[PDB]
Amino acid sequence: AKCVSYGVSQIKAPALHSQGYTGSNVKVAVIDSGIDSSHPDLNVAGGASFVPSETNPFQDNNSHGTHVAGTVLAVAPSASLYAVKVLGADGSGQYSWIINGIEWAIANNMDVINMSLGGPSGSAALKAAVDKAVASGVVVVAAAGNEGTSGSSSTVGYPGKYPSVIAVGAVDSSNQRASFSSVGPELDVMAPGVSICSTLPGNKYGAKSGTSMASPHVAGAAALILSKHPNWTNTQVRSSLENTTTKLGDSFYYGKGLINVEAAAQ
């Protein structure tokens, strides 16, 4: 049959859905390993591939992006997904591919960008791209990273590390931070990211764990909020996600806490 993340109810998405807000008319770019649009449960409105060796963004050889995309839909079932392939089959990609995909999303007027990806080094050009996307009014969300801890050192990866980005950690169904969730002052909010069931290539479903799974729930969140408040800016979307969270533990580990979309949408 099929499945849906427990995370959809954890972040209070069902309340919005029930009120008729499901992400309709919101464009979300899933910057990742592509999206298998063949999946019966996923509809992909457009996209682009920047992986020179994989020209079809609608084909996902890794499964990473399909799963992620499935999560955004789970949270915002009416959203318009854009498959922006910047990661090849082995799950890896050049920072340049990623920038290119970010640029594409700005140029193509995406409302929200989900980046369930990261690397340990910063790039000014990557910073510039995310910063420009935010200045352009796009809500930019990224996985915080799955680097665990290292003392007092920040383990948030890039781009999640840039203040213009909403870096999302992962919690489990009990709201406990996942051992792998990156930490540091740049962590902004948390979302479910352990054993999240989602779509996989080949009319399949499956579970994955990672801040990459947390991220799409917040990207979906933004989408639901935008569908209720089509004129709010990214600033407003972001602040409301951030200010209505359910406080959990300390900021270093949990950011402002878990997202509560119902509250966020006012």
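Position 1 is the first residue in the sequence shown; the rest follow in order.
The stretch 83-91 shows the higher mean C-alpha B-factor when 158-166 is compared against 83-91 in the entry. With 188-196 and 116-124 compared on mean CA B-factor from the PDB entry, the stretch scoring higher is 116-124.
Across the residues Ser212, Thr235, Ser49, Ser37, the deposited record lists the maximum Cα B factor for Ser37.
Across the residues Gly65, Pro216, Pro230, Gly206, the deposited record lists the maximum Cα B factor for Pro230.
When the modelled residues of the chain are ordered by C-alpha B-factor, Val261 sits in the highest third. Sorting the modelled residues of the chain by their CA temperature factor places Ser179 in the highest third. In this PDB entry, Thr244 carries a Cα temperature factor that places it within the lowest third of its chain's modelled residues.
In the PDB entry, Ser152 places in the highest third of its chain by CA B-factor. For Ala69, the recorded CA B-factor ranks within the middle third of the chain. Only modelled residues enter the ranking.
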